[PDB]
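Asker:
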Amino acid sequence: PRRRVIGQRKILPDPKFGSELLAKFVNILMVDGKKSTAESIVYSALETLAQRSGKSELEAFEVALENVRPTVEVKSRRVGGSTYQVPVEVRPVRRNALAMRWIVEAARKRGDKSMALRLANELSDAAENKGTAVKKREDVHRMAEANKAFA
Amino acid sequence: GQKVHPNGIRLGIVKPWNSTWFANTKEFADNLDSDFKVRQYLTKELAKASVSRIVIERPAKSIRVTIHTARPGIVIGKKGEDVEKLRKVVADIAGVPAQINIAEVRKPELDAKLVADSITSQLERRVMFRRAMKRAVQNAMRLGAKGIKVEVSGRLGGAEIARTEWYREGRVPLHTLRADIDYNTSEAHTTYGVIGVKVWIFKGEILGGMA
Amino acid sequence: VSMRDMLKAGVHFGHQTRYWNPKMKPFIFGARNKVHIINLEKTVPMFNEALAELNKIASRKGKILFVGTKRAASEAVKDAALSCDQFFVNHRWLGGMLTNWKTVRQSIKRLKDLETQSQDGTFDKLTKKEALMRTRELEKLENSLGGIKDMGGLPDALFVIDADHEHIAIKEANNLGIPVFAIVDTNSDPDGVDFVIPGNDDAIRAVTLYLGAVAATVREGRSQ
Amino acid sequence: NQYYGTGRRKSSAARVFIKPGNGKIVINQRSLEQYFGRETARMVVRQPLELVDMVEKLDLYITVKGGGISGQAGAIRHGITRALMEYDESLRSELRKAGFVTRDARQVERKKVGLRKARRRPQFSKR
Amino acid sequence: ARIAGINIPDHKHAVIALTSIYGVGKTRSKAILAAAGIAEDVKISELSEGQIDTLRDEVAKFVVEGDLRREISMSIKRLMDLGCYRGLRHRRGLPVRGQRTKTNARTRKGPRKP
Amino acid sequence: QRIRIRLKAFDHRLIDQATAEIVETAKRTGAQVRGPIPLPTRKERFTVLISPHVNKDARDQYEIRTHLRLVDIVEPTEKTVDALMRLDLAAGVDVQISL
Amino acid sequence: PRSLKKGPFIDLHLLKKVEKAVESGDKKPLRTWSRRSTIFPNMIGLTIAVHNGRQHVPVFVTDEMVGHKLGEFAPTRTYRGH
Amino acid sequence: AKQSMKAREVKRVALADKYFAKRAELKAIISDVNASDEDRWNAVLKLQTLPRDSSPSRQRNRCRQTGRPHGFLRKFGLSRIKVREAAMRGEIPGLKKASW
RNA sequence: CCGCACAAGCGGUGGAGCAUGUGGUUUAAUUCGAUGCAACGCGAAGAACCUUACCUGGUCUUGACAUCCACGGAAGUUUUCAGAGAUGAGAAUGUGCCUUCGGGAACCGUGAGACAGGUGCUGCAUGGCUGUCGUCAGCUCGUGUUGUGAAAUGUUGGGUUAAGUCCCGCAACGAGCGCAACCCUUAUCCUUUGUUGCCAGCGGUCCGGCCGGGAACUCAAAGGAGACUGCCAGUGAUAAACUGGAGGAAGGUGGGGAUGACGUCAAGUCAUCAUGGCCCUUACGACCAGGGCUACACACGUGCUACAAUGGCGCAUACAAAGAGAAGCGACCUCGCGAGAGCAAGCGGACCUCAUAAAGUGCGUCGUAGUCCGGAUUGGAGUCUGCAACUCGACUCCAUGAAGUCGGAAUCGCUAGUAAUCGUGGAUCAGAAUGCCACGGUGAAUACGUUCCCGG
Ligand SMILES: [Mg+2]
Ligand SMILES: [Mg+2]
Ligand SMILES: [Mg+2]
Ligand SMILES: [Mg+2]
Ligand SMILES: [Mg+2]
Ligand SMILES: [Mg+2]
Ligand SMILES: [Mg+2]
Ligand SMILES: [Mg+2]
Ligand SMILES: [Mg+2]
Ligand SMILES: [Mg+2]
Ligand SMILES: [Mg+2]
Ligand SMILES: [Zn+2]
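Protein chains in written order, with PDB author numbering: chain G, 2 to 152; chain C, 2 to 212; chain B, 4 to 227; chain I, 4 to 130; chain M, 2 to 115; chain J, 4 to 102; chain S, 2 to 83; chain N, 2 to 101.
So this is what it looks like as structure tokens:
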């Protein structure tokens, strides 16, 4: 973008609910460009969400995200020729994106003998404001504050 | 960096081929190999004639070839005796009844072969390459060639190093497929060394395609 | 033109007393409100004697180049040239318009070739975008040499508005010996004008007066 | 009246035909669900008809050939939209805002020399 | 549930616990299971001893794991004793099927040596 | 009973001319044509190293496109088949005749 | 390794030399250039030299060696480490 | 390259031709099963005798113009260099650069 | 100022095993070159023999190949012994055609030497071709002006573009090499033509596009039309230019190629070819068998398969494009577990074949483990190609079941149908694909910005 920022491909919504955050979300969980393998695992989570954690999974969909959607961010930059780890805000879209990465990663670190089960759990886990995605929101919300020497 | 071949690129756009005959995978390889051989024999016979072009189209049974040269009377000889025996040698070396036609070019300077080879020769006359090529470009401009470009490379005047050089006259555009550009290379084997020569002649852009 | 005819148009008007050129002292009536006032007593006879020379030149088949690059007065000077079948420069002056006659002739030929080609055809053979681009190039050549496409050779006389603004033209003319007829405001240097008219060069009314009188006398010189 | 349609996407092509009546889908003589083992694809063909909500008004005899399941469906949807514009004669504006008449081009890039993929670059080892 | 070679390797699907024995591989094991008529996925544990008896038979019919290793050892033994090309290589502990020794021969070559 | 004829060439202009001349001559002989049907032309791609010196990057791609036309006359007579034999075509074109 | 429709490839002239040896009883190891020909039952308990490419090496055949190529026994390279 | 090599190739070719028949029928006998296994045995043994150069395997594609062992184009039997050249001139009927 | 240069992102390398090149090493030979970019799965689009130049040995000396003039024999065909074959040694058959009868043609062989030959050295003698900076935006000239003049101006400045793109300013104006465009392809539509291609309508049909027929639509392939910030609104020096919207199939050079301005780097190539000169010439020339180009204490580069539940396994089950092909593909049917084999039609290919695409989808399975993961390696047993497969081919079946549990330092690649994945074909080829060249399936994420890394 040294000339002009090139926009990331603009996405379209899941049909199962007409929503898109799913769409962007599944696009995250997707591995080796296989859409069919990915969407299966979200329904193996959101469906089991609407029951394990209570109805309205699509609202549980984000109660975790809410628990994870970051606010403070650290774009370390050598403004003076020396790298400064300055805490900074990010527009809404990113923190959503970031969070989405922040959870899917946690669905790859739990074992449980299945990937579908891991996504279901971590979602609810962070849906109760407890776990890792929220944690990796905590720590970033911790080291961002810890380094505030200069703007 | 390395330039592309102006003739090749403009093939099927403004440059018709040199051999038209249809062929199939089984006979294509033999047909080109025989075509290469007659051309090789003919060019040597036409070295005296100073041939500019040699086209070869094979009809389904017969083979026909046309020659473009600055010396029609030399190719005619007397009652076509020379070219007659030539038709013979070619018909046989190609194992096909042969028909030989001549279409002499009326503008020898406006053909890159004739000019290039004249240059090669004059160099073998050890004339001053510089004035040689310069006289040639002036003659082409006098004939009205929209533009001319020439290049002599290697051992200019038996130089113990290769002082490769080029000269450009008028306008000779490249990268524009609309432009009609005759091109040709040639060589001259001086006792000191082998010297290559390239020639471009732009005669104006064509409109409406190969027609 | 009579002194009364000029004065109503405002020919006596000039630039500020802050901005004047030294050689213009003889032609300056005085100052009012820190404004230079031009003397019509000199202006009228010099303009008449210049009109005599212009009539003479046009009556020996002279080619006349009206020169002015003011954005306000460009169309006035162009129409002035058209009213007497002459040649003009109404857009920014280009150096070597006179001394470099050969390059201008090649540009004139390119303008003529493009207009002839469009009438002849082959625009359809070109892509529609390319044909439009060729029309734009023809328009650009017209905006550059609309006045001098038919001049044929170097002109026989020059009429210049605001000689200081067009100083390159007068330098060229003097280098060629082509006579210069110019409306010279107080801020201009009058050395380059062989028949000098000291007068306002901005005001549309006085400029149109100059042009109309010159063109009437040029048509008169042509008529014989 | 049978309504002809021609929708093309990726490497699939699709002839489409609409008949007013009870809503039904018959593609390559298959039944949609029976055609696609994926739901998204059934939803994609239904989406243009669903947006106008005229599903019960037109039945569908359609044919698709070439490409893969996603291209098949895309081309089918495209053909559907063209047939809908033809039948209503006022749907062109609705489809244009919707985004279903885009076509989208996007043919796969041809592999290029010296490149393991049409754009992938063979590893260049600096060190 | 004893069978040729190892006894009761693991409680896994018959074909699995079967292939577990050296000299018994996916195909020999599945063919033996088909010959026995015992089910493919039934666990070796909890399988009828009478069925296990049919297995000891159908397997001892093959060269048993202990016997197999002896015989291949003797094969390679001769192969070397003849000092034959592959005989030599075997003695040299190097690839004996034209695999390049120039690079990537570690499988038989073993740990890197300066 | 038919007379089908396949024409192959490297330039469409020649093949088009050949077909045009063969349908029109059929009209002169009162032969009923099936029309100059176009057919998938065959593209042959060749990749070739362009440098004698050792490199992999230097490469070039050429193509041979074989234009292909088909015609056929439902009811031939001496006047139709003999006219095709009488007709003389250019070299670059290919004539295949079947009944 | 080899198609068993026609059987193991052996050289004719090697058959000649070997059978002549045989009928003539033991002879000093005849020499051979065909590393390829397959050992046979008639060639048992006899020696033969075989060009390792720079020189023919003497190998004394035995029952088991039958059914293999003569060349396998001859080494075409040397090696002694680093 | 070496005219020696070119002539070697010409010879290999011309020679290996005539025995095509013999070579062929020989394999036939050999390949052909249901034989007594001696008729073949000697038959294959007989085939062995023929000039080793008889096998088409002995032959080697070689650019006709330059006798070059690598870079052979079955469609032309020429070197990648020489075919490029002949193309650039336009000899190869219809051949043009491919862009897509 | 700009560029996957950086940054934000995915997927990697660097670990493992193996394929693959290179150096080192060894060899008799392991033939020759390439050596940062711009060598190192490079030449080589394919070393068993051949290939082939390297080694070993066998051999020939006007010769393997060419012209020369003699002498003789038709040309040939078949056939035997020795040899490893080179080759000798024979031994038979034929001993032909034109001729104006002389001979000639035709070849074959022996002699004469003139001569042949070189993959011998010299890319620092060169031509030719190619790599690079770099498709980088630059490089210049005519005229003019000024300078007595070496010169400068133009190309400078400011907006502003992908661009020395364009405009306004500007003693500069024009132009060229260029850029752009013209080319091919793809994205929409229209005309013409309708078989081997299609079936909308129908009549029939065994219900198969299959057949009456249809010529609609798909496709097919020749022609065409369409994208121009055209248009509108809003900025901007009112100019250029930008932005958004509408229309539109596509929007701002619509996507992709080809095209490399000078010029640079004694770049690379004298083993494509050509060639200056030097050296061998009973041999650095020529033929033949075997070995060698595949060696392994080793080191680097490139690539492939993995480490496993988005997985594996089994069962059923689905959507392609582009091509190749008559010493060919090789249908069908029979045999075999397969490798294949037999049989054998059709196809020179919109007709036949290769060939029934995988990922997917549906069902059971396994339940985290060195596992039902991965697959190396090895034994055994065969198949095929090629006289011939041991060194040293490919593939099948049985068994073995490594290492490896996502790989430091460091590092590399990509901004959309992209990367990633999964299949497909082709070249080279008797046979010998992880290598190359193409075709499709599914198909991401991020790019705040330019401080910086490099590059220009
Ligand atoms: Mg070979
Ligand atoms: Mg060398
Ligand atoms: Mg070198
Ligand atoms: Mg050098
Ligand atoms: Mg050897
Ligand atoms: Mg090697
Ligand atoms: Mg690698
Ligand atoms: Mg598995
Ligand atoms: Mg694990
Ligand atoms: Mg590759
Ligand atoms: Mg693909
Ligand atoms: Zn003034």
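A virtual CB, placed ideally from N, CA and C, is assigned to each residue, including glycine.
Tell me whether the region 118–130 of chain G and the region 65–72 of chain G touch, counting them as touching only if at least three CB pairs, one residue from each stretch, are closer than 8 Å.
Answerer: At 8 Å Cβ cutoff, the stretches touch.
Asker: Taking its Cβ as the centre, do 16 or more other Cβ atoms sit within 10 Å of J:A94, making it buried, or is it exposed?
Answerer: Buried, because 16 or more other Cβ atoms sit within 10 Å of the Cβ of J:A94.
Asker: In terms of residue numbering, what span does the beta strand (DSSP E) encompassing C:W167 cover?
Answerer: First-last of the beta strand (DSSP E) with C:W167: 166–171.
Asker: Could you tell me the boundaries of the beta strand (DSSP E) in which J:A94 lies?
Answerer: Segment: none, J:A94 is in no beta strand (DSSP E) and carries neither H nor E.
Asker: Could you say if the region 12–22 of chain J and the region 69–77 of chain J meet the contact criterion of at least three C-beta pairs nearer than 8 Å?
Answerer: Yes, the region 12–22 of chain J touches the region 69–77 of chain J.
Asker: Quick check: M:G99 and M:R109, are their CB atoms within less than 8 Å of each other?
Answerer: No, they are not a contact pair.
Asker: For the alpha helix (DSSP H) holding I:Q37, just list the boundary residues, first then last.
Answerer: Note, I:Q37: alpha helix (DSSP H), 35–38.
Asker: Cutting at 7 Å between CB atoms, please list the residues of its own chain near N:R13, excluding the five before and the five after it.
Answerer: Contacts found: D54, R59, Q60.
Asker: How big is the Cα-Cα spacing for M:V65 and M:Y23?
Answerer: Answer to the nearest angstrom: the Cα atoms are 8 Å apart.
Asker: Are N:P94 and C:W167 closer than 8 Å when you measure CB to CB?
Answerer: Contact flag unset, no.
Asker: Thinking just about the alpha-carbon of each residue, which of J:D97, J:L102, J:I40 is nearest to the one in J:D85?
Answerer: Selected option, being the one with the closest Cα: J:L102.
Asker: Under 8 Å between the Cβ atoms of B:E44 and B:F198?
Answerer: Not closer than 8 Å, so no.
Asker: Give me the Cα-Cα distance between J:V36 and J:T44, rounded to the nearest whole angstrom.
Answerer: Cα to Cα, the separation comes out at about 21 Å.
Asker: Measure the C-alpha to C-alpha separation of residue 223 of chain C and C:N25 and round it to an integer number of angstroms.
Answerer: What is shown of chain C runs 2 to 212, which leaves residue 223 of chain C out entirely.
Asker: For C:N102, decide whether its Cβ has a neighbour in chain N, counting only Cβ atoms nearer than 8 Å.
Answerer: Not closer than 8 Å to any Cβ of chain N, the Cβ of C:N102 fails to qualify, so no.
Asker: Looking only at its chain, what residues have a beta carbon closer than 8 Å to the beta carbon of B:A75, apart from the 5 residues adjacent to it on each side?
Answerer: Excluding sequence neighbours, B:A75 sits near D205, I207.
Asker: In chain order, what residues of the same chain have a beta carbon less than 7 Å from the beta carbon of M:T20, not counting five sequence neighbours either side?
Answerer: So the list reads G26, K27, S30, once near-sequence residues are dropped.
Asker: Which residue spans inside the region 87–145 of chain B form an unbroken beta strand (DSSP E) run of at least 3?
Answerer: 90–92, all fully within the region 87–145 of chain B.
Asker: Give the residues of chain S in contact with N:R59, contact being defined as C-beta atoms less than 7 Å apart.
Answerer: Chain S residues near N:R59: none, gap ~16 Å exceeds 7 Å.
Asker: Against chain I, with Cβ distances strictly below 8 Å, would G:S37 count as a contact?
Answerer: Taking Cβ atoms only, chain I reaches closer than 8 Å to G:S37, which makes this a yes.
Asker: Taking the alpha-carbon positions, what's the C:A189 to C:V195 distance?
Answerer: Each residue's alpha carbon lies about 6 Å from the other.
Asker: Output yes or no for whether 8 Å exceeds the beta carbon distance between G:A98 and G:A134.
Answerer: Their beta carbons are not under 8 Å apart, which means G:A98 does not touch G:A134 by this criterion.
Asker: Determine, for N:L46, whether the minimum Cβ-Cβ distance to residues of chain S falls below 8 Å.
Answerer: It does; some Cβ of chain S falls within 8 Å.
Asker: Going by DSSP in three states, J:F13 sits in which element: helix, strand or coil?
Answerer: Of the three classes helix, strand and coil, the one that applies to J:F13 here is coil, per DSSP.
Asker: By how many angstroms is the C-alpha of M:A15 removed from the C-alpha of M:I33?
Answerer: Each residue's Cα considered, the two are about 10 Å apart.
Asker: Give me whichever residues DSSP pairs with C:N185 in a beta bridge.
Answerer: Looking at the DSSP assignment, C:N185 forms a beta bridge with C:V200.
Asker: What first and last residue would you give for the alpha helix (DSSP H) that runs through B:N58?
Answerer: Unbroken alpha helix (DSSP H) run through B:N58: 43–62.
Asker: Does any residue of chain N have a CB that is nearer than 8 Å to the CB of J:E66?
Answerer: Closer than 8 Å: yes.
Asker: Going by Cα to Cα distance, which pick from G:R119, G:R102, G:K114, G:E146 is closest to G:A108?
Answerer: Of the listed residues, the one whose Cα sits closest to G:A108 is G:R119.
Asker: What is the chain-ordered set of residues for which the beta carbon lies under 7 Å from any non-hydrogen atom of ligand 1?
Answerer: Ordered along the chain, the selected set is N:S58, N:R61.
Asker: Can you give the Cα-Cα distance for G:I104 and I:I79, rounded to whole angstroms?
Answerer: Rounded to the nearest angstrom, the two C-alpha atoms are 36 Å apart.
Asker: Interface residues of chain C around J:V96 at Cβ under 8 Å?
Answerer: Within 8 Å Cβ-Cβ: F23.
Asker: Given a cut-off of 8 Å on the beta-carbon distance, is the pair C:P73 and C:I182 in contact?
Answerer: Cβ distance not < 8 Å, so C:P73 and C:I182 don't count as in contact.
Asker: Just to confirm my understanding: we take C:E152, look at its own chain, exclude 5 residues before and 5 after, and list those with CB closer than 6 Å. What are they?
Answerer: Hits under 6 Å: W167, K199.
Asker: In this structure, what does DSSP give as the bridge partners for J:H70?
Answerer: The partner list for J:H70 (beta bridge, DSSP) reads J:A12.
Asker: Just confirm the distance between the C-beta atoms of C:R156 and C:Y193, as a whole number of angstroms; I'd bet it's less than 8 Å.
Answerer: Right, their Cβ atoms sit about 5 Å apart.
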